[PDB]
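These notes are about the structure you will find just below.
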Amino acid sequence: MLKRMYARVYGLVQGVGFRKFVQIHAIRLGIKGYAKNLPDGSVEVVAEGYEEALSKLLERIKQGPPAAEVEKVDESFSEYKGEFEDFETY
């Protein structure tokens, strides 16, 4: 069940190891896509992979790394486009 998952992460989420934490867990789970800093201070994640893997990554995203303080994750699921070959951070 390949899917694409979009996640917007609000809170104390920049300067705290967030993008690397998502990347590591994505690589561990076989997920491709990206985690990106946004100018407003939040982070966005686009992830493609099997549903079960995406759900595991979502759980990680909601927690964040130890220095993060996640206020809310907004997520949305949609069709897998097979757009990515790696998991990148920007």
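In the structure tokens, chains take the letters A, B, ... in the order shown, each chain's residues start at 1, and ligands count up from 1 in the order shown.
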Shell around residue A:72 at 12 Å using only C-alpha atoms, local window under 4 positions removed, as JSON, numbers by chain: {"A": [7, 8, 9, 10, 11, 12, 13, 42, 43, 44, 58, 61, 62, 63, 64, 68]}
Take the residues just selected and output them with N, CA, C and O atoms as a PDB file, in the first residue's frame.
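Saved the output as selection_30.pdb:
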```
ATOM      1  N   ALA A   7       3.228  16.230   5.919  1.00  0.00           N
ATOM      2  CA  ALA A   7       3.082  16.566   7.337  1.00  0.00           C
ATOM      3  C   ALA A   7       3.656  17.928   7.584  1.00  0.00           C
ATOM      4  O   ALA A   7       4.787  18.197   7.234  1.00  0.00           O
ATOM      5  N   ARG A   8       2.879  18.765   8.226  1.00  0.00           N
ATOM      6  CA  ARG A   8       3.342  20.098   8.657  1.00  0.00           C
ATOM      7  C   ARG A   8       3.504  20.065  10.178  1.00  0.00           C
ATOM      8  O   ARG A   8       2.572  19.664  10.885  1.00  0.00           O
ATOM      9  N   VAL A   9       4.696  20.442  10.657  1.00  0.00           N
ATOM     10  CA  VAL A   9       5.035  20.349  12.050  1.00  0.00           C
ATOM     11  C   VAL A   9       5.242  21.728  12.666  1.00  0.00           C
ATOM     12  O   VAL A   9       6.125  22.484  12.243  1.00  0.00           O
ATOM     13  N   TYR A  10       4.434  22.036  13.677  1.00  0.00           N
ATOM     14  CA  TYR A  10       4.551  23.325  14.364  1.00  0.00           C
ATOM     15  C   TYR A  10       5.118  23.126  15.759  1.00  0.00           C
ATOM     16  O   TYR A  10       4.922  22.063  16.381  1.00  0.00           O
ATOM     17  N   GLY A  11       5.762  24.181  16.279  1.00  0.00           N
ATOM     18  CA  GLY A  11       6.343  24.170  17.608  1.00  0.00           C
ATOM     19  C   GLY A  11       7.796  24.617  17.594  1.00  0.00           C
ATOM     20  O   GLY A  11       8.204  25.315  16.645  1.00  0.00           O
ATOM     21  N   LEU A  12       8.548  24.229  18.636  1.00  0.00           N
ATOM     22  CA  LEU A  12       9.996  24.457  18.717  1.00  0.00           C
ATOM     23  C   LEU A  12      10.620  23.320  17.917  1.00  0.00           C
ATOM     24  O   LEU A  12      10.847  22.210  18.435  1.00  0.00           O
ATOM     25  N   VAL A  13      10.832  23.571  16.630  1.00  0.00           N
ATOM     26  CA  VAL A  13      11.163  22.499  15.685  1.00  0.00           C
ATOM     27  C   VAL A  13      12.318  22.810  14.755  1.00  0.00           C
ATOM     28  O   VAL A  13      12.738  21.928  14.027  1.00  0.00           O
ATOM     29  N   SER A  42       8.313  26.734  11.084  1.00  0.00           N
ATOM     30  CA  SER A  42       7.799  25.378  11.139  1.00  0.00           C
ATOM     31  C   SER A  42       8.591  24.486  10.178  1.00  0.00           C
ATOM     32  O   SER A  42       9.528  24.954   9.527  1.00  0.00           O
ATOM     33  N   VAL A  43       8.214  23.207  10.115  1.00  0.00           N
ATOM     34  CA  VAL A  43       8.888  22.238   9.242  1.00  0.00           C
ATOM     35  C   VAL A  43       7.848  21.501   8.434  1.00  0.00           C
ATOM     36  O   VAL A  43       6.755  21.258   8.923  1.00  0.00           O
ATOM     37  N   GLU A  44       8.179  21.126   7.204  1.00  0.00           N
ATOM     38  CA  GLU A  44       7.271  20.366   6.367  1.00  0.00           C
ATOM     39  C   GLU A  44       7.957  19.082   5.971  1.00  0.00           C
ATOM     40  O   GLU A  44       9.194  19.040   5.779  1.00  0.00           O
ATOM     41  N   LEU A  58       5.223   8.880  11.009  1.00  0.00           N
ATOM     42  CA  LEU A  58       4.318   9.847  11.599  1.00  0.00           C
ATOM     43  C   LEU A  58       4.429   9.839  13.125  1.00  0.00           C
ATOM     44  O   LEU A  58       4.494  10.887  13.748  1.00  0.00           O
ATOM     45  N   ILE A  61       7.478  11.715  14.013  1.00  0.00           N
ATOM     46  CA  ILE A  61       7.308  13.151  13.743  1.00  0.00           C
ATOM     47  C   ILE A  61       6.528  13.861  14.856  1.00  0.00           C
ATOM     48  O   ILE A  61       6.817  15.008  15.222  1.00  0.00           O
ATOM     49  N   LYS A  62       5.535  13.175  15.412  1.00  0.00           N
ATOM     50  CA  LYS A  62       4.715  13.740  16.465  1.00  0.00           C
ATOM     51  C   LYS A  62       5.494  13.929  17.768  1.00  0.00           C
ATOM     52  O   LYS A  62       5.145  14.786  18.605  1.00  0.00           O
ATOM     53  N   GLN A  63       6.520  13.115  17.950  1.00  0.00           N
ATOM     54  CA  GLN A  63       7.344  13.169  19.146  1.00  0.00           C
ATOM     55  C   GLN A  63       8.446  14.166  18.964  1.00  0.00           C
ATOM     56  O   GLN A  63       8.702  14.975  19.833  1.00  0.00           O
ATOM     57  N   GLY A  64       9.107  14.081  17.800  1.00  0.00           N
ATOM     58  CA  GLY A  64      10.266  14.867  17.525  1.00  0.00           C
ATOM     59  C   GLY A  64      11.484  14.298  18.242  1.00  0.00           C
ATOM     60  O   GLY A  64      11.378  13.374  19.077  1.00  0.00           O
ATOM     61  N   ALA A  68      13.192  18.929  20.622  1.00  0.00           N
ATOM     62  CA  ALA A  68      12.060  19.584  19.984  1.00  0.00           C
ATOM     63  C   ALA A  68      10.889  19.607  20.964  1.00  0.00           C
ATOM     64  O   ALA A  68      10.790  18.790  21.854  1.00  0.00           O
TER      65      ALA A  68
END
```
Secondary structure check, strand (DSSP E or B) residues of chain A, as a PyMOL selection string: chain A and resi 2-12+32-37+43-50+69-78+87-89
Write the residues of the selection above to a file with C-alpha atoms, as a tab-separated table (two decimals), in the first residue's frame.
```tsv
chain	number	residue	atom	x	y	z
A	2	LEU	CA	2.27	2.76	-1.28
A	3	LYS	CA	1.08	6.26	-0.36
A	4	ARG	CA	2.39	9.81	-0.11
A	5	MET	CA	2.13	11.52	3.27
A	6	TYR	CA	2.36	15.26	3.85
A	7	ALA	CA	3.08	16.57	7.34
A	8	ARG	CA	3.34	20.10	8.66
A	9	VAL	CA	5.04	20.35	12.05
A	10	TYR	CA	4.55	23.32	14.36
A	11	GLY	CA	6.34	24.17	17.61
A	12	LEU	CA	10.00	24.46	18.72
A	32	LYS	CA	11.82	8.64	0.37
A	33	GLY	CA	10.94	12.36	0.14
A	34	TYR	CA	12.17	15.32	2.18
A	35	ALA	CA	12.01	17.38	5.37
A	36	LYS	CA	12.27	21.15	4.81
A	37	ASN	CA	12.52	24.22	7.00
A	43	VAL	CA	8.89	22.24	9.24
A	44	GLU	CA	7.27	20.37	6.37
A	45	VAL	CA	7.72	16.71	5.52
A	46	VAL	CA	6.75	14.95	2.31
A	47	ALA	CA	7.18	11.20	2.50
A	48	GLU	CA	6.52	8.31	0.12
A	49	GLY	CA	6.50	4.66	1.03
A	50	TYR	CA	4.38	1.80	2.31
A	69	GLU	CA	8.73	20.68	21.44
A	70	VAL	CA	6.07	19.65	18.92
A	71	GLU	CA	2.80	21.56	19.27
A	72	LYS	CA	0.85	20.00	16.39
A	73	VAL	CA	1.33	17.88	13.36
A	74	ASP	CA	-1.10	18.33	10.50
A	75	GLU	CA	-0.95	15.38	8.16
A	76	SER	CA	-2.64	14.33	4.92
A	77	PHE	CA	-2.42	11.13	2.85
A	78	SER	CA	-2.56	10.92	-0.97
A	87	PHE	CA	15.27	11.20	1.60
A	88	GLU	CA	16.64	14.72	1.61
A	89	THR	CA	16.70	17.64	3.98
```
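Of the listed residues A:66, A:60, A:17, A:1, the one whose atoms come nearest to residue A:79 is A:1, with distances taken using only C-alpha atoms.
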Pairwise distance for atom CA of residue A:85 and atom CA of residue A:38, rounded to one decimal in Å: 22.3 Å
In chain A, DSSP helix (DSSP H, G or I) residues written as a ChimeraX atom specification: /A:18-29,51-63
